[PDB]
Amino acid sequence: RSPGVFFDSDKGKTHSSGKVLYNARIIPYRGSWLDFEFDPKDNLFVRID
Amino acid sequence: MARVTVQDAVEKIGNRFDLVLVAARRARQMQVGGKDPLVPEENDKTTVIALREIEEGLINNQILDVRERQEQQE
Amino acid sequence: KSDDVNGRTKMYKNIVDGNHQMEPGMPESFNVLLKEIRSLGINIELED
Amino acid sequence: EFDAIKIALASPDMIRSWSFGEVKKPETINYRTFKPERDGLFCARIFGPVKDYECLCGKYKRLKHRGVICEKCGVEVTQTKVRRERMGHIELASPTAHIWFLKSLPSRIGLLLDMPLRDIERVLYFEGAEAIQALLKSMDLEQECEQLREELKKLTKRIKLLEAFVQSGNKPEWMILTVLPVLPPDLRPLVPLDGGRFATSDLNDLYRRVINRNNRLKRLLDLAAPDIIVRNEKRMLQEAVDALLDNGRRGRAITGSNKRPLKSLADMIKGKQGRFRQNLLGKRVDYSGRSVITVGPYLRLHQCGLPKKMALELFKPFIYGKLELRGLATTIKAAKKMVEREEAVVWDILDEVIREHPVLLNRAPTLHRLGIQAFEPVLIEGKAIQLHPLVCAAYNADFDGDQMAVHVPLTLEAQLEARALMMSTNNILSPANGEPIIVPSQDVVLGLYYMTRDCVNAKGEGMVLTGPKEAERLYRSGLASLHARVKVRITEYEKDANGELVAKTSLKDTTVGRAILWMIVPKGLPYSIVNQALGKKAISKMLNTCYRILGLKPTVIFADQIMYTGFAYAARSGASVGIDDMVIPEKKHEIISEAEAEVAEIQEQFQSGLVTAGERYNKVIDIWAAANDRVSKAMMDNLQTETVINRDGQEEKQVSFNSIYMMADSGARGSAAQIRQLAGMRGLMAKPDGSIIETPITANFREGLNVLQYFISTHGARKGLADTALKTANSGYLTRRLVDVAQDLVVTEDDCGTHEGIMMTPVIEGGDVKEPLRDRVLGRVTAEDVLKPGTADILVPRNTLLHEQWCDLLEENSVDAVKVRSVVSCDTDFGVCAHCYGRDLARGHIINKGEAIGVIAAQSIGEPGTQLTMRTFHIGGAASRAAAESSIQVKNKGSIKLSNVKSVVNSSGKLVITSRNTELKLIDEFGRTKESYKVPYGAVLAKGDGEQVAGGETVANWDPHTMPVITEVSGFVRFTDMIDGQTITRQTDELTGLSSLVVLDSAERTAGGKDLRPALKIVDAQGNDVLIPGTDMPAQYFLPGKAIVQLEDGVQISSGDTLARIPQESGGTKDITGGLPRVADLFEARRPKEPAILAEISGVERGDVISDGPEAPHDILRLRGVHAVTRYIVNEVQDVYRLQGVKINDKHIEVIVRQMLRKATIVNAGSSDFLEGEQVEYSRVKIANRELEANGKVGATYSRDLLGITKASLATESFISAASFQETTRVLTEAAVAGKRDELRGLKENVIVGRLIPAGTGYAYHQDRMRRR
RNA sequence: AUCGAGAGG
DNA sequence: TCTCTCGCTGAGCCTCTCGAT
DNA sequence: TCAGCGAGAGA
Ligand SMILES: O=c1ccn([C@@H]2O[C@H](COP(=O)(O)OP(=O)(O)OP(=O)(O)O)[C@@H](O)[C@H]2O)c(=O)[nH]1
Ligand SMILES: [Mg+2]
Ligand SMILES: [Zn+2]
Ligand SMILES: [Zn+2]
């Protein structure tokens, strides 16, 4: 997969509610990962590595 | 006949799993002991002579136990 | 046929001598399993 | 010399007693010299001498000096093998906690002490173990137990664990390690290498690190280091002890040279590569070989051909012994040399040796019992094993380079075992069902029906013959054709006379080929078995009839003769496949054009906003499936009928002799799908997940595909290969779980004496009886009241086994249903009795004593899944989607019948179904139930109940794409709980004729709108609530997600008028890989997550339904007994398995079901020692109750439990089986804590330790041992 | 004996 | 009393070749 | 990685 920003979804299988949980990932050629994802509570969450 | 199928051999005993009769005592006493086969050998290896004997009807658990008792006395 | 040290030799000698009789024992794999479990700190043994 | 295995915790004194050597200080391994360094991990004083009968110091090296200690080093002289036994210990300066007890389970230390796991975790890692040891020593078990009883869930768990400590005798302080044992040296070998350096195992370095840290703690504390520094490396020592045993549980697993985690002690037990599943449940055996397989069709059913080069190696000891016997050799070495030199005497001796020893042949996947069989060997010249053609279908063995493995039995009993139970002549019928396994296929059938098929105006037609011999002479001479219609005087024997054969001779109109075929059938069978074109089914039925009527030896002879004749006449047939053989019709393009017009109209409809996307998808897929079925039918008709020949100058039609049509009609190889794809449309392909509706591939394999069609087709190929290679694992896992859960039960008794049983009734699916009553109770003993439909007169007595003649007697009087006793409702202990199980399907009579039913049942259930998964790519990935039926038409005339129906009458007067589980049963005039149908919600019935219906009439009509909602009462509609943007969405189409409201899904709904539940409530014209007939509450319908409503508020609606339509999920490509997870869920008893409500207490009756929905097995059990849940599970599993077409008998599923439910919860203690609600084994409860009733006391009262196969197998009396199954750490630590005992009762318990299993021929020995005690 | 990579059934 | 994050368990069988530690 | 299950979290 090429370095850059990619927007994905869990297709509703993450939780029994079924709501789609969209997220974004910044993949570098060299470095550390970085993710923005949601929760069924509708809040941002940043994950590093 | 007897080399191919043992259905007639097990009909006399009535239990397929009761092959301990054929092997553990008859074939062993033929192979190791001095016991002589009853039916003619026909160049057959042992364990097929015994199966033929049970198929015709000379060997069964009661008969072997009785014979063992006979050699128990002296 | 495998994993027993004495059974292999005894059965080989018996087959050579024409006697088709086996005297099975306990496989070495059970012994090594027991030894390593005993090493782990859990007492396991055979009672009679 | 032993009878049980005792497992418990190890006290430090016991560990100190185990060690033969003093201590382990020095951390060293070797390389001071080639002799091992003193006191090292490989030492001499501690773990014994390294050289046999020779000491390391070298003072004495003679066995006459054995039993003496050494002087220079002090190492006693003993056989080097003792290095595999001795042990040693390491003394830790600070006590270290065992990770197994603190982690990997509900913490044992965390249940001894009330505070949670995090507190203990932070205490141990100094964020000390001595404090935990002091606390564990501080408590007194009896006082705290009495307290906990005084307050009285978690408390019950704590009190049961405390009582476990009290009874078992394990002091809690032994949980914290003070002395650490070491493995024997040869258990962790220092394997020599070609180069100078020596390879080192993972365990040695872990032990070395632990010794390093411990010795660092030893010297540092001696030097009175400051308290700040002394505490730091105690954590490091704890981490090192963690790494040594069960590494990786505490995080950041230690890595060696490369980036691979090290292998710890607990990794030598669990997992695929552990001692349980790599060296105890499966071994590598001597006296064996492996090679490729060829056909060799010159053999008999009990023979296999093997190379001389294999035999000369397999049978070496026998050759040595007989060479010594003949006097040719004087020692073993001379005979050995004679064997390498390969003289002629060696070949003669080998020919004499292998005369009657059978050999066992097995393929690589041993799916079921027939995967290994014993054959009589014949020496051949070559390098490949020759295997009988008829046996292959059992092995699933082809000749595309497939291989096989051969073993040789050694002892006398092994030879008899192979001859009587393993030989291929005995395995005529499969253990899974009554049908035989050795069925002629491929070329044999190809020859056979060609012999039996007739032609019009052949050469020699209209001739009278003496018998079959004249027919053979005429055919071989060339005076008559093989297909000529002639009259033959044939004689037939029948056994209708009592125990005798009587003959009858008659002139019969047959064909020549049938006359020749008549010459090989055995005496005592009717002619009509060969007076017809013999397909695969006819030949299989003929073999089954021969087995039923005559016996076994005639069946073997008949099978061999059939194979020979089929091969010979298939060869003489000269039938070939050609490009001109495949024919294409002219209706194909017409029906493709009309289907394209229909799908274009559907696309136009979707372009307008009247319909959604999923409904259009379903409609298109249904249209194309219908078109594919139509083209297949038209092409097959054209291939079948179109053959015209003239007789005496006048035209006539006949069944075609086309090669392709013969190949298809035969059933030898091929189906209708392959032929239709060769001469129609290739169809619709299916992706690995679902179906695709891209385009119709309107091109044959005769006329080539273009690029786009081939690119589309590649999807199905990828799907099939991926499905095979990635679902074989799921199938194998299911099979292993079934085997490990149902390994224990064996036949133990003849007749328990019970009376109850389950009621077998015929099953039909919409007009075609899949299983008639005959095979439902074929081989099952009757339970009660099997009397004929004549009052007070009994057709058959009680407790008798139903043979074929008995089944014919039942069919003649047309018995409806019969109650038969089954395995689940048996009163025997630790097993099943012979009568309740019934007839064993492999042998043909009642089951004997000592046959392992459970393994047979598990293999029978497990084989079809993996086999049909592997056979997925054969079809080519085409979608196995059948068009859903919109309506129902009765096949035969009869009275109508509605069962469990709640319905309303709309304006049209048609009965509108308003119940979820409405069923339609078709009943003849006499009263027998003929056909059964399932009526979905919303169907309308044209003819009212109670009116006779003629054949071909329409009963119901409904739309399967959408599931409507129907109005119970008439009134005005009022919208309720509808807010745009919160619970519903509103849009107005530009020009489509409709403006509709779509209900928002619960997933998409905002947080505020969850509290409000959308619903439609019917109201009166004045605004009041409508009154349902005989109901306290008004009418309101709860619209779920994805609902569509075209209605507006304040609109009067007629009774039985649809309001909202819910589109249905597609769920296409119904396949074995699509259905197996349902079987796994069923056998695991997973929760439906939307359970249906059942009335717990009658007052409504017990077991009734309150709100419709999926029924959980637990509720069905606890409300209706074991019989209802057995019926439910068996029916559901058979429903899943029936679509694929595989046949599995019900008794295997019944055995599995009985195996799941073994535990019980006691509601009243009674006079027994069991307390309150506890999960205990049912048999122990039964003996306890029987004993209490014997002693004049009060018994206990209990309720069943239902457990999944994984949970049931993991929770058994024996702990060795549970450990060897999976989750080794949990089971082992729980057994150590509880101090359990193993009696070695099951199969793996004896297999692991190497004894005679308590089944088959070992049952007698086990019974003798039991009787001695 | 491992690890990695292929290959066959 | 109960609906939700977080952790640990499992994931078919047999065979052949090479290199590199 | 997907798919389930049990103990622990608040709400
Ligand atoms: O991953 C696999 C692949 C193959 N096999 C074993 O090989 C068989 C499939 O591989 P084959 O090629 O030998 O059988 P086939 O007759 O169905 O294929 P064609 O000749 O039509 O091309 C399977 O039935 C199985 O016994 C496996 O057990 N696992
Ligand atoms: Mg093959
Ligand atoms: Zn010495
Ligand atoms: Zn019974």
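Data table
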| read-out | value |
| --- | --- |
| Segment D:540-609-segment D:413-451 distance, computed between alpha-carbon centres (Å) | 24 |
| For a label point 7 Å along the Cα-to-beta-carbon line of D:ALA131, residues of segment D:149-185 with backbone N under 20 Å | D:173-178 |
| Cα-Cα separations in segment D:616-693 greater than 18 Å, expressed as whole percent | 54 |
| Relative packing of peptides D:1202-1208, D:912-918 - highest average C-beta neighbours within 10 Å first | D:1202-1208, D:912-918 |
| Stokes-Einstein translational diffusion, the protein assembly as shown - Kirkwood Rh over all Cα pairs, 0.692 mPa s, 37 °C, in µm²/s | 84 |
| Neighbour-count ranking [beta-carbon atoms within 10 angstrom, fewest first] of A:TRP33, D:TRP18, D:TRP624, D:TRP100 | A:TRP33, D:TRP18, D:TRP100, D:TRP624 |
| 10 Å Cβ neighbours from other chains, averaged over peptide D:406-417 | 6 |
| Sparse-neighbourhood loop sites, GluC sites (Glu not before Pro) in segment D:279-371 - DSSP loop, at most 16 other Cβ within 10 angstrom | D:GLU342, D:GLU343, D:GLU356 |
| Per-residue mean of C-beta atoms belonging to partner chains within 10 Å, peptide C:17-24 | 6 |
| Backbone N under 11 Å from the D:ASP751 label point (7 Å along Cα→Cβ), restricted to segment D:833-875 | D:835 |
| Principal axis dimensions, largest first and in whole angstrom, of segment D:114-224 by Cα | 71, 37, 24 |
| Leading residue at positive end of dipole, segment B:2-74 (Cβ point charges), from B:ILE63, B:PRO37, B:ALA23 | B:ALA23 |
| Between segment D:867-936 and segment D:688-764, the Cα center-to-center distance that results, in Å | 24 |
| Point-charge dipole on Cβ atoms (K/R +1, D/E -1) for the protein assembly as shown, about Cα centre, debye to 20 | 5440 |
| Residue order, fewest to most surrounding Cβ atoms within 10 angstrom, among D:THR992, D:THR565 | D:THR992, D:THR565 |
| Karplus-derived HN-Hα couplings along segment D:375-383 (A = 6.51, B = -1.76, C = 1.60, θ = phi - 60°), whole Hz, x at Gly and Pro | 10, 7, x, 10, 6, 10, 9, x, 9 |
| Gain in span if fully extended, D:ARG798 to D:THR366, counting 0.36 nm per residue against the direct Cα distance | 151.5 nm |
| Extent along principal axes [Cα atoms of chain D; Å; largest to smallest] | 116, 106, 77 |
| Mean-position separation - Cα centroids, segment D:262-281 and segment D:222-248, in angstrom | 28 |
| Average partner coverage of C:5-13, which counts Cβ from other chains inside 10 Å | 2 |
| Three-way shape label, segment B:2-74, alpha-carbon gyration tensor, a/c 1.5 | oblate |
| Only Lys, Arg (+1) and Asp, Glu (-1) charged, at Cβ; segment B:2-74 dipole about Cα centre in debye | 240 |
| Other-chain or far-sequence residues with amide H under 5 Å of D:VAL655's (modelled H) | none |
| Relative contact order for segment D:1003-1078, counting Cα pairs under 8 Å that sit 6 or more residues apart, in percent | 21 |
| Relative contact order (%) - criterion: Cα under 8 Å, at least six apart; region: segment B:2-74 | 39 |
| Test item: Cα-centred dipole of segment D:561-635, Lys/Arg +1 and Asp/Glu -1 on Cβ, debye | 440 |
| Ranking of D:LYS160, D:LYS504 by count of other Cβ atoms within 10 Å, fewest first | D:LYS504, D:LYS160 |
| Equivalent ellipsoid dimensions for segment D:1081-1191 as semi-axes, Å, which come from the Cα gyration tensor, largest first | 30, 21, 12 |
| Whether chain A is rounded, prolate or oblate, judged on the alpha carbon gyration tensor where a/c under 1.5 counts as rounded | prolate |
| Cα shape, segment D:551-627, gyration tensor, a/c 1.5 rule | oblate |
| Distance in nm between pseudo-label sites at D:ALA884 and D:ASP1001 (7 Å out along the Cβ direction from Cα) | 1.8 |
| Options D:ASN1191, D:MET14, D:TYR493, ranked by Cα towards positive dipole end of chain D, top entry (Cβ charges) | D:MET14 |
| Dipole-positive endmost among D:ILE1097, D:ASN618, D:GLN1222 within the protein assembly as shown (Cβ charges, Cα centre) | D:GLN1222 |
| Violating pairs (Cα-Cα greater than 29 angstrom) within the set C:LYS10/D:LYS336; D:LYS819/D:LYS1089; D:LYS633/D:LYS687 | D:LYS819/D:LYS1089 |
| Stretch gain in nm, segment D:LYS272-D:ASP398, where the contour uses 0.36 nm per residue and the Cα spacing is subtracted | 42.4 nm |
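Note that each Cβ is placed from the backbone with ideal geometry, even for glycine, and that neighbours are counted across all protein chains shown. Every number here is computed from the coordinates shown, using simple stated rules; none is lab data.
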